[PDB]
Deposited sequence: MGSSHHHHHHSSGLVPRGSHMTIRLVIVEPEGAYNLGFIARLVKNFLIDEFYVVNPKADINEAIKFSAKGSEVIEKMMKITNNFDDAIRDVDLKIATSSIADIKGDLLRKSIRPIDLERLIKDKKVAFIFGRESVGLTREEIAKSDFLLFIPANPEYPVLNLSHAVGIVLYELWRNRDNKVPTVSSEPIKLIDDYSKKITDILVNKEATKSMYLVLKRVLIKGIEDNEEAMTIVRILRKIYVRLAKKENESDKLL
């Protein structure tokens, strides 16, 4: 079981840095970032001190397709709890069974607008993190940390 974190066009340096820290906290295997908008130099200040996750490990790609090659499963995320989208909808309780023995890309979208409908169409599953139904939209890095933690919660 191998985990690739894919962050699509992150906008905030704090988010990018905080995600990089989480990659070390949770021993993520691969860290890909599509066309980052955030200033990488600024992001480094929020990453795990001495870790070089941004500097060395992080792989930048130009487009979505180059970040989702060579995996078994693509799990997109959304703050909207949804047809085709219901059909691919999952929850955190589902993850353990689905990712067993697989190389999985966990894909997160833009702070402004999320993932596009086509990015979701290209993904196998669409994960929603349960939260207040009246305000379920989590900040990007906090969503990432919750998902990564779910890979660790029985330690």
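Novice: In sequence order, which parts of the deposited sequence are missing C-alpha coordinates?
Specialist: Several regions go unmodelled: 1-20, 103-104, 178-255.
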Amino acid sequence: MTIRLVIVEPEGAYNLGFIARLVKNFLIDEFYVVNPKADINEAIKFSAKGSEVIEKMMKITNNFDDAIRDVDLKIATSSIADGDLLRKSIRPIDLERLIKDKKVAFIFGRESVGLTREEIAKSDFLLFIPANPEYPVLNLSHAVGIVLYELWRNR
From here on, numbers count along this sequence of modelled residues.
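Novice: Taking the recorded C-alpha temperature factors, which stretch has the higher mean, 40-48 or 55-63?
Specialist: Higher of the two, by average CA B-factor, is 40-48.
Novice: When the Cα temperature factors in the entry are averaged, is it 100-108 or 30-38 that ends up higher?
Specialist: Higher mean C-alpha B-factor in the PDB entry: 100-108.
Novice: Based on the entry's values, in what third of the chain does the Cα temperature factor of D70 lie: lowest, middle or highest?
Specialist: According to the entry, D70 has a C-alpha B-factor in the chain's highest third.
Novice: Mind checking which third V6 falls in for C-alpha B-factor across the chain?
Specialist: Lowest third - that is where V6 ends up once the chain's C-alpha B-factors are sorted.
Novice: In terms of the CA temperature factor given in the entry, to which third of its chain does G17 belong: lowest, middle or highest?
Specialist: It belongs to the lowest third of the chain when residues are ordered by C-alpha B-factor.
Novice: What third of the chain does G145 rank in for C-alpha temperature factor, lowest, middle or highest?
Specialist: Answer is lowest: the recorded C-alpha B-factor places it there.
Novice: C-alpha B factor of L86, ranked within the chain: lowest, middle or highest third?
Specialist: Tercile = highest for this residue's CA B-factor.
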